[PDB]
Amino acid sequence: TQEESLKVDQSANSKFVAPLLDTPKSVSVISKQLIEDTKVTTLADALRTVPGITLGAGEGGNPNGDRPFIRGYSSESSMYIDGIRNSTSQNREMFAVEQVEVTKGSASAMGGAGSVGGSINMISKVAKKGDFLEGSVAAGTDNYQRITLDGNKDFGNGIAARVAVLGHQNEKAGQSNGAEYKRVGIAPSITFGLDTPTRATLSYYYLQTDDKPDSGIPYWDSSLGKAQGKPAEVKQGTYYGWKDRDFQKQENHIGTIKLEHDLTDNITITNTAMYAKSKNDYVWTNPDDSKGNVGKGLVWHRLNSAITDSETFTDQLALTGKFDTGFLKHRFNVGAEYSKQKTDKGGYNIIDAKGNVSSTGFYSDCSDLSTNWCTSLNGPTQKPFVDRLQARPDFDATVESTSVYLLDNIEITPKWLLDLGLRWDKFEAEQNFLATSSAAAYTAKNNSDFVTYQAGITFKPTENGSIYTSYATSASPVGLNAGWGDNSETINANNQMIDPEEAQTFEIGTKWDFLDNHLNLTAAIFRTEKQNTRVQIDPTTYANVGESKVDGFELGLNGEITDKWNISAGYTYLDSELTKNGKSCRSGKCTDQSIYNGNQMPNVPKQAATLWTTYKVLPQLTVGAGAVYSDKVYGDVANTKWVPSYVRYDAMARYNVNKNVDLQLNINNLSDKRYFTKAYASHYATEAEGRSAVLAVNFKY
């Protein structure tokens, strides 16, 4: 069946009005079958299958959740759930996810603000026709246990209801007395009017976590005695967090009402209303914060924290369908959107027994260990936290947007398709800051309005082939993180009046369905760039004079090579350049970065590739193998802090016990490679999980 294919022909996003073969834009789909084969449980893990998507890390001024970079540009503020932005900081789960669609290239005409290098859209499982009950019970090394249940009941009168439930725990693999994850979720929905002209779907999503959060490995260069170079040479799986102090609790609720009416057999009006509540409460450890203790065999437990509470309402109204004038065939989506988000943000003060207060920590010089503020670089041991944390409010933030767009793919003849999109956005961000020890209370506000677009031509040499050229723009206003997120987007007194950043993608490509439509190959060559980047000029002045660009190549191959052999593979070459830099400022002092003009962009590898392939060795036995490769990744503009290249292997075996029951073994990071998945701009990098195994009993009725 098609549900079992690694090749996905159509996007579930109704803003992609044409099949992916004929769409003049790069789109990768992390398919249902790939998700099942790999047993990825988080978006972050899932993204490892897409080469060149690099993950970013948190620090003092930005949260430590999902931070995907696409073609060199952060998509943290451009993460979508069924086409609606939901970009509060979260570690997103896969339990209610059908597939993940990664748009690569500038895409504001489809998504509004952001989408500079691309965007991610997670497609949810929802109630549908046909009865079924599916489940998984699994156990794995390092105290992994996971149970999921997914039941769908078709009442046979156009009504169906579905619920997925999740219970999950694991320790980070290979990291003893280290990070720990626990979470529970539920996702019930009900749909009405199946197979009729008038339809309604009510859905709810809930996920709640209770974790001991990861730390990282500090950068160190022994020759220089400085916090730079590669991560310190310490034992694999070393944890520098402070388990008695550190924690992270996330809680997310999403409620959606979607109403559809078919005005004709070819034109549908849809209204989607989404209500989201998102909380994040955390304390985690930066290993040494570049204080130099590493060179004396010690690590200071620098504290990073935040407490956020966000509520968002979004409504999208879209008219979709097709109209054939006789000469031209239009495939369209025209619409309007409104959203409003409000966020409260605070963090933690640390108070010692004498009443001293800090937001960062005590004894950063490791002069006194009696309250356990530093640990051993080699063989750290977990100790009590004996100071006190106290919640402290910092600011609130309100983002309101309104937009209208037209998307139309015009078939001129069966060989010629003209793709068009045009969108107008109005954006307002307002942030009210409480007084601090160094500044009075103030309000920052940005108002931006901007038009973005896309234009492409697709030529089809045959019905199974496409060759295209396209151009698309993006705009990214200050304050886009809506209070807490990517720190490059944070609004303040001095940038609040600045116009949006401007980006664009020029792409040429080709796509082909082969082997009786069992295989799809894609190739693209592009320049994705931010030709107007916001940069700092001095400690209290900004301007839009920066520039960067990524010249790249992407190749993708998905589907069935034979009726026993399938494949999902990708390659990318990314030649990135920080063409024109501003200054780096800290505590009133700015360092000029023009000396780094021409450097490689951080958080992007020059090359990367992934491969997943499976073979039906017996009719009841499938075996899978994967490889993930990345070149080295820089953390900083100066290109002095980095993590090395790596290859990571995976394997799988699935045995069909009977028609309803499978046993599936996954071995992850099969060679137990020590590598790093995130490189922060300073201080540290995040180690990838070590080797693990998971064994599951999967059922399907």
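One-based numbering along the sequence shown.
Higher mean CA B-factor, judged across 146-154 and 231-239 from the recorded values: 146-154. Looking at mean Cα B-factors across 470-478 and 354-362, the upper value is held by 354-362.
Comparing the listed residues 285, 413, 402, 494, the entry records the largest Cα B-factor for 413. As recorded in the PDB entry, 139 shows the highest C-alpha B-factor of the residues 139, 84, 574, 601.
Compared with the other modelled residues of the chain, the Cα B-factor recorded for residue 50 ranks in the middle third. Ranked by C-alpha B-factor against the other modelled residues of its chain, residue 75 falls in the lowest third. For residue 681, the recorded CA temperature factor ranks within the middle third of the chain's modelled residues.
In the PDB entry, a CA B factor belonging to the lowest third of its chain's modelled residues is recorded for residue 114. Split the chain's modelled residues into thirds by C-alpha temperature factor. Residue 648 is in the middle one.
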